[PDB]
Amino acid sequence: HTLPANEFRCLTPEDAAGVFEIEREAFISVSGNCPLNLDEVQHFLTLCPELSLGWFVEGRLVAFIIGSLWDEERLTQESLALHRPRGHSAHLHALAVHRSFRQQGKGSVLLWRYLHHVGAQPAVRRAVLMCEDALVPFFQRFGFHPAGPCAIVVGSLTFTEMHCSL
């Protein structure tokens, strides 16, 4: 009968478009590319929705995390578009908060809720992600430890890989 003020839930392929709209501003308007195009978003929300989490305010997505499982110690170029069902690492492909909702703790709240959420899952023993050097201290607040230059290439952007035990 109404739109919940605040709601945390895993995403579905139906949310793909909203997710991509946030990326267009959060990533594309910045570097000219984004972690996941519409097909890549749908792919993981189809294969491993349980590894996604979204924040909806008044029926609109304002924050999201989209992941999949990885089965190797370090992140590789191929891991970008893969889901390894046998893996034990929750690979965070993207984390973003709508432009009109940043710097209010939502991203940190979502990330903490996400770590516990995937950490509840039997297989998930570790969480991994890559980020630009400016965000390394941010993720260290969540237990992530920098693990050297990430092997992954994306345009002229370079990233630092980070691992967090769960």
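Residue indices: 1-based, along the sequence shown.
Here the stretch with the larger average CA B-factor, out of 90 to 98 and 74 to 82, is 74 to 82. Look at the C-alpha B-factors of 132 to 140 and of 114 to 122. On average they run higher in 114 to 122. Going by the entry's values, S31 shows the largest Cα B-factor out of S31, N37, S108, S52. The entry lists a Cα temperature factor for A17 that places it in the middle third of the chain's modelled residues.
Split the chain's modelled residues into thirds by C-alpha temperature factor. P149 is in the middle one.
Sort the chain's modelled residues by C-alpha temperature factor and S68 lands in the lowest third, per the entry. Split the chain's modelled residues into thirds by C-alpha temperature factor. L3 is in the highest one. Ranked by C-alpha B-factor against the other modelled residues of its chain, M162 falls in the lowest third.
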